[PDB]
């Protein structure tokens, strides 16, 4: 109950190889602040040392082998990583490892492959005849050899690429020809078929590939003692593959591994379809909510706060929603930039952390800041909200999303959690107040604002109602502290 996840990384982190050590030493602090699970960045070797990890080169090289001109990953060595995981385990924190199975970048060499070009806006349409290209599809892992795995990758393990080394044409997507070669299905349908994204696209129609990824999933889980996964680019991955990959790993390890997938599309309909096709066996990030939060912080007070949860995953399917404010996709200077403004960020974290539905995530970028882009650390403003969730956000929830600026909700608390109960009130515009029911058993209690934004107190009347206040463009969370 009331667990809280933290994405322990941001895109522009320094390439000093000291991140695992940072996580190691931060473990006890994170636990005290209310963090119960840590999602670590890609732990394997990327196309280069400074690769964030999504340009996944070798999933079996966790900063252990000399490959790509380096032994360590951007974050550190395998031993530093494992020492970090131990520190988290010792402090009772669950560990979720990132998972990148849609593609492989940084191939060791090229191969001559027969293929056709397809329409980038409709991959279902071939725009050229057949011809030979030079594709980066060969992986031999020279620095690792067969350690951990003898599986080698070749062009037939992929469906296509976006670069012909012999001609170097731009804005092209190549679909390989051959027995049983075709874009996978089912996948998101934007662009006709969104199977292809970047680098060499892994062919989930190939049995050797499916067998290899499942085996790696188990090895990965057992090697690091992972408790769950954060799955990358699932809208570009054959839906049934992801569903069954998760099932396989859970069954092979005997661990009911938690899993949250990133289906990045601001479309509830698309996300709900993904959930049905994967048989609801895992969660997804609430991307629609992220956009609602983002758009609200950009509307200068004119966003209708009554609709903040409209069209979101947490509203329609609370048990399968992982709620976040921002991540590495939406942070400054990214293709999908849509960063929730600072003034609104605290309201956003209050909206995800103090409500009873959804599994909230704290973004390292918001918590410790993003110095390369002028984003200050907001942990001083997040910690209070985290304490509210940890100690007060329990019991029955009463909603008051009844005003275009001032909205709020209360938690009545439960005996399982001593003194629990709260009244969150916020305004994306002018400040004000709102009467809310917190429970008749709270009659006479003198509540105060855990965020400290409001300095007075609010006494619950005989009938369990308190007249709570909030300042403009702010959030207050009253508790009986």
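Numbering follows the first chain given and starts at 1.
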Query raised in the report: So 348-356 or 124-132, which one's hotter by mean CA B-factor in the entry?
Result: 124-132
Requested in this report: Identify the stretch, either 41-49 or 414-422, whose C-alpha atoms have the larger mean B-factor according to the entry.
Outcome: 414-422
Report task. Specify which of 326, 333, 195, 232 carries the largest Cα B factor in the deposited PDB entry. Result -> 333
Query raised in the report: Hey, out of 301, 142, 97, 105, whose CA B-factor is highest in the deposited coordinates?
Result: 142
Report summary line: Of the three thirds of Cα B-factor ranks in this chain, residue 428 occupies the middle
Query raised in the report: What third of its chain, lowest, middle or highest, does the C-alpha temperature factor of residue 316 fall into?
Result: highest
Query raised in the report: Which third of the chain holds residue 269 when residues are ordered by C-alpha B factor: lowest, middle or highest?
Result: middle
Query - residue 443 - Cα temperature factor, lowest/middle/highest third of chain - result: highest
Query raised in the report: What third of its chain, lowest, middle or highest, does the C-alpha temperature factor of residue 224 fall into?
Result: highest
